Amino acid sequence: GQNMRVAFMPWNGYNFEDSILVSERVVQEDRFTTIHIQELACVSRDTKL
Amino acid sequence: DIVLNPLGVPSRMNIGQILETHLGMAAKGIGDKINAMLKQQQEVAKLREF
Amino acid sequence: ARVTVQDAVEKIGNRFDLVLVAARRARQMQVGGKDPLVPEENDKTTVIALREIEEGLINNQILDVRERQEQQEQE
Amino acid sequence: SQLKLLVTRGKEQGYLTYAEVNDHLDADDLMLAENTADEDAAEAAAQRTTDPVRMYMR
Amino acid sequence: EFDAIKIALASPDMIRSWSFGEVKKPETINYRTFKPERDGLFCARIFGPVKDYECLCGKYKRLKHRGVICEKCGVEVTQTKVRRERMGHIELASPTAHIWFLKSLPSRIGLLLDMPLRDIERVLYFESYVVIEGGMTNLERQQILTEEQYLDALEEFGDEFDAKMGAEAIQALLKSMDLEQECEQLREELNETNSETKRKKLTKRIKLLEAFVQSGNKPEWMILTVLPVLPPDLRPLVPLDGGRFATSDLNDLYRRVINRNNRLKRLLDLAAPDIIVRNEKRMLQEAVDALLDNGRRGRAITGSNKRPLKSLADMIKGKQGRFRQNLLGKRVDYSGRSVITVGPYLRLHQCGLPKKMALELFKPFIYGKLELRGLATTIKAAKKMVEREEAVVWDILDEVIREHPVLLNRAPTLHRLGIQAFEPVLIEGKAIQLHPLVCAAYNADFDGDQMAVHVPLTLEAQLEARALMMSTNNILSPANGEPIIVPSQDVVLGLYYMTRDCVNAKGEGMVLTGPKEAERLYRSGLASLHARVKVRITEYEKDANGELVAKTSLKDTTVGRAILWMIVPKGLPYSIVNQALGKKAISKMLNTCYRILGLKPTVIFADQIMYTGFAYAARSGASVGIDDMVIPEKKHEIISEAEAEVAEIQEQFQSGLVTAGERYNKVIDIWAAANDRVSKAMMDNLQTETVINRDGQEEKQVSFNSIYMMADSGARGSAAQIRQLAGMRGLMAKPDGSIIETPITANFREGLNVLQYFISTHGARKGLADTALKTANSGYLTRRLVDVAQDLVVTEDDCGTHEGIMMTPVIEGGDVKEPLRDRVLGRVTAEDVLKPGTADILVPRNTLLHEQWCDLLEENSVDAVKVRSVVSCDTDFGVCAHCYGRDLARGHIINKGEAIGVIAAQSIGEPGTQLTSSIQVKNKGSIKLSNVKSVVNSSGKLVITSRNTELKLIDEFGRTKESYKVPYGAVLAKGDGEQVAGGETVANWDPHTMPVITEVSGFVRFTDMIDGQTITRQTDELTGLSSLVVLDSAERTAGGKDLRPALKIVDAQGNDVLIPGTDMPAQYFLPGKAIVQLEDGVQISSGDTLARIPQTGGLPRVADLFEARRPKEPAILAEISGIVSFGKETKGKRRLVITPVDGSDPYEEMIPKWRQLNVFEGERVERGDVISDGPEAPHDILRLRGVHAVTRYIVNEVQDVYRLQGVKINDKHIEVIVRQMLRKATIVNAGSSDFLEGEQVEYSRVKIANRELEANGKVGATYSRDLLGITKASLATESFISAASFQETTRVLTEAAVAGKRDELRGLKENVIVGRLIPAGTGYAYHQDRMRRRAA
Amino acid sequence: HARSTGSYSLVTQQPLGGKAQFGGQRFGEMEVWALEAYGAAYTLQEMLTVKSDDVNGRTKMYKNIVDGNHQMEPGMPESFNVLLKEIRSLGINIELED
């Protein structure tokens, strides 16, 4: 994971039950950006026609 | 960076996260002190001593 | 609008008959072709029907009487 | 007789084990087990191999 | 369209009528061209063309010529969907028995023929012959004749002899059988001599013959001659990607049946030996059996995958059948799901919907709007526009969404608040924003949960969502009246911190002009949020017929309360916000607002409360650190002292002074005391702090510690969690349930070592497993509860009945744990509530008791009302609104049509997962004795002479406050009619040995007492006294066994002393094992002891209490009022006979001698009294005591389970289930009706049957009510479509078919399956109109 | 995951399942109980027939919606027809009396 600077306080109901309030500079610095690779296949068959 | 709710700690008695937070604060403080000494171009003697 | 429906229920009396009457009036005003008895603030036909029911301008008896009169006119 | 004792035990406990039913008693065994579960009444309480191949052999 | 469904048996003619052709070959399709074969299972001639409007060859391949049968192929030119509707048939070479009517538990075939099932099976498998109408040749019909016996019987009989084998014999038997004549014969038999079971069996036989005659069926239809074939498209052979195929298991079974049938037909032409044809017919029977039901008679036929094939029966039954998997719940269009987030800016009636999800769900609406507004020409242009997501598309989407509710749902839908309608607000992102206040209704947290969203389509659906399911309509729980929109954890902390005074804060002592100045001072930094000031407050009161008169005065408050007063609506007082405002104060505030003002002000108030709480919780900056967990300074001393004490106990045990079973308890108690001391020290240190000061002196105040603030406000936590955080973790258990002696002496601030953590793991694993099991059980209970009581609906306004339950507060010995207000609020009085002074009527009648009436009753201090109840309603097929009460979720009297059974079931089942001597008075009142006979003992005090004495503490206000039970013969310091003070022990008794005592004083003589026949010689060596111990009947000799020890009372004059007030002689037949101490001729004082006679919980308690199970040892009640007597003894169990005063005494019971009886044979008892002692039975109470007593036993015995866990539900919901439990009546006297004597009939039917009959010139029939369980009472459904849904499908369809049953859809579970409006809610009017026109 | 309309299963004409197949949401028995607790008979009916397996009622509903008319002709679901045919494929004769 990543080492995040955290504070324990309510702050306006945006962390109400188990929600998390995240800064916009954690997104500017691409700290939790992940790369996902997926495969797609296109099979051509010999049909009746 | 992140704001968490303290009301989550008492009921779920996992106070290891508070101790982790305190120790991470201490570790980052040591790191920031080293960084300050490194930016100011201080000789290796004081860096080594600290 | 109409965050609550409590005056209309008092006017009609029953919570289910209210739904049935409002649906009848809304279908009259949507597909049948009719003009609302109250000003519309961009309201959907269901909400306009609800507020008409609330103000006492519509109920089951009113609708039946009006349909009878209309059928007499068509005849 | 033997079935009556097993039925009494099952009624007292409301349930029975495979060993208890088998002792107190392939297709005939399965049929008897199915009959026993009927109560969980009169017809089951009062109540060859059914294999088409065994009858052919006989 | 149809309005009813009928089921019966199918004739061969009927089966040939359904079919469009016969399947002759087992072929399916060509392996090369993939076209359907001819006369095969997939045939175009029989089942229709494979593609729309096109013959198989292709000569006719256009719509223009439709309905023509191509000559080359014979395939009709129609739609291909017709392959989904056409059946075929197979004409079996030889008859086959139907397995459902052979291997059913009653064995319909055997029952009808009156033959054992084994005989039928052996004749079927070609084992022995059967004679069919043999004739006058010395043969008996239905006689087993093995091959040898048949062969030797054929000789010497030139007659045909009429013997056959196999299913043909059974068919001939059934066809020859005549039902009317046999019914007449059975009538003749029933007329003559009757035996215990002979009459019962003959009655059953005649009744079932009558039923089969009246159903219209014929017996021989149980033997198959033609077999229907399912349409091909319901058993498809479908190509998968590649050269592979997928097929249903029915194709294999049909192929086997057809192969064996064709082989048999071929074989019957070769004139094969009978062995071969017999084997072939056995195989054909086996194959048809496997087809109809596989794995029921023999071994299940398997396929290539070595799994049992699915048969026709397997496609109907089970949790994966058409009845359950697809008819009661299925996948739906216009739906989505996604993860939920907070969105705290919302209003209670709206939610946040992603733009992408909203665009996908509302696509047709957007197409319609685009075409209507002219942006797009055709629907294709609209499709392309929405696919490119142009700019106009989003404005159109915003217009479509304007006022269109969407239903949000969370997967475990435990009650009806798990679905609610909100108004969307389009947002960015991919998560749904859910209003905080509704989370508790869903039980939803934001740690990864997901929600499903559905969109109503029709105008009626939109109006129902807006008027019935909106979130601003459901703010009260339906189980009780309490709000379910209470702020939860962070709002509570914010409002607690805001309204929480401090001793010496900035700006203390100021005098403000109002809330506005308080906020202006706080916000500009001149005052603290808790500074004690004086503020001029103006509050309004409805001290009139709704006028809101104002009052202005200088209150003494803090800045926080003055600021919080700005959001409170007009009608409320200022004392609601003038306190600390914990978790429960806020709920009380919302409840007060709702009751005083209404619905809209409450919703606005709740939103303002949420906003203010969030804002000021953020403002406070409350956090949690490691210094907030203050460990006591004396913990080590306490632990060391406990260690010393336990070590001393252990070393004392090592010296052999105490048994281990006692030292264990001593150590447990030592550690428990130490834990309590540590917790007390911690809480004392953690809940207070010293501050200074107005002048400079130390002053205590409640702590501002963060952990303490979170626990005290109810936001989160408790005293147990704080105890584990800063005290000691406590005392752990073991897998065996034992409690390990040495506790965990460490908290979590300190660390646990490896062993303590190992024990903690022991606990945690079990916790998780138990949670899973509880969730498993609580769903089954709810399902049964819904099944039993689903069709109950309010269907009347007033039945006019004058009866009901008697509501009084519940008292468990000492204090009262449920006042009268809780049990009476919202009900309808059944009789005038006379003032306790008996002056005038306080509440006339039929008045819904709302809050004002309850306050009036409390003011006048009445403690007993008569409230109408559901279990005593006169309505037929439903309940009336007056006998139910009020909705509990809307606040007014319940509406007609509302489905109360489902609500009751859901309310009872929803909290299932949560749930797991001497008498001392306590108040200064007056003693009141009820049901006791008094007398003065030798000491001059008063001694109880009764078994059911009740002591009540009537205070000066005339209200009961303490109810106590006193056993027989207890010395009383005070009595009735004398004022007493507190702390006076008004009664005491010996809780040992036996209470056997006398009633008079005088000389005692051992009348009818012979040594060596009834007593043994055992002199008291310790005291030197001679005591005659009465032996038992077994040990004693027969010389005087029938005699009993009687101790008559006499005087010194030689006369006889009799019972005062009566001439009955004073004798006491003492029982066996009685130690006679006093010798004959020794005067005894009154009440002397003649003989010193020696001696679940949680969910399963609720589940076994709705099933009306009988306890292990049910206490015996008095069957009939009369003098108790005894008969023949030791006949397995002791015999007792009760003789009424005048009435006959046909009652005699084999009471086991083991039970310790509490009544003597010379003591009369009325019916309903206890003879033995132990748990009561639910069935005995109903029989001995009316319906109002069994319901009272239940609604109080299951409410105890819920009260322990803090769950509260209304009593309305338990009396709804009970009403469905005792629903069948057993008839005792037929009377002038048409009812059999020993028959069980619906209580609704019998009630109306004799009611109209009595009005005429006839006499009604008596009966006795019966009580069933929720599982046995749900099997009496009168529709075979709702019954097959949750019962055994095979049993229900087999019995309904022979009976020729037809059901008219009248329930809620049947119109869902059929797919029409339920008769409960908005569809109630539709059904009533249908019945009205149908009657015409 | 969101769905308006898509592909339907073969033997029983219900929306397919799963996000990969663009499937619908399963509306189980507990949700039916919840809608019965309210008097929402029309919502329940439209979820049972038009939205799931009423083959010729759902196309009519779609056409009505794209025509600015929110009214349904409910009809009879396909699962009940399949059930009738399966019960009838045995020896039983289950019919719909008018």
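Assorted remarks:
Lettered A, B, C, D, E and F in written order, each chain numbered from 1.
Just so it is clear, contacts are C-beta pairs under 8 Å (C-beta built on N, C-alpha and C of every residue); 3 or more make two chains touch, one makes a residue touch a chain.
Molecules present, by chain and UniProt name: C = DNA-directed RNA polymerase subunit omega; E = DNA-directed RNA polymerase subunit beta'.
Chain E has its Cα centroid nearest to the centroid of all protein Cα atoms in the structure. Interface comparison, E-F against B-E: more C-beta pairs in contact at E-F. The chain with its Cα centre farthest from the Cα centre of subunit B is D. Distance from the subunit D centre to the subunit E centre is 34 Å, each centre being the mean of its Cα atoms.
Annotation: 41 Å between the Cα-based centres of subunit C and subunit E. Subunit E has its Cα centroid 44 Å from the Cα centroid of subunit A. Counting partner chains per residue, subunit F has residues 39, 68, 70-71 touching two or more of them.
Not a single residue position of subunit D touches two or more of the other chains. Contacts with at least two other chains are made by residues 459-460, 462, 464, 468, 489-490, 493, 622-624, 897, 1321-1322, 1324 of subunit E. Across the assembly, chains come into contact as A-B, A-E, B-E, C-E, C-F, D-E, E-F. By the touch rule above, subunit E contacts subunit A in their complex via residues 34, 241-242, 341-342, 344, 436, 439, 444-447, 489-491, 493-494, 610, 614-615, 617-618, 620-624. Those residues of subunit E that touch subunit B in the complex are listed here as 489-490, 493, 622-626, 629, 706-707, 710-711, 715-717, 721-722, 724-725, 748-749. Put simply, subunit E touches subunit C in their complex at residues 347-349, 402-404, 459-460, 462-464, 466-468, 470, 472-473, 598-600, 603, 890, 895-897, 1321-1322, 1324-1325.
If you check the complex, the residues on subunit E that touch subunit F are 1-10, 14-15, 18, 85, 87, 98, 100-101, 221-222, 224, 228-231, 233-234, 236, 238, 248, 292, 312-313, 315-316, 322-324, 326-338, 356-357, 360-365, 367-368, 371-372, 379, 407, 409, 412-416, 418-419, 452-454, 456-462, 464-465, 468-469, 478, 786, 897-899, 902-903, 905-906, 1293, 1297, 1302, 1308, 1312-1318, 1320-1324, 1326. Residues 5-11, 13, 15, 18-19, 22 of subunit B are the ones that touch subunit E when the two sit in their complex.
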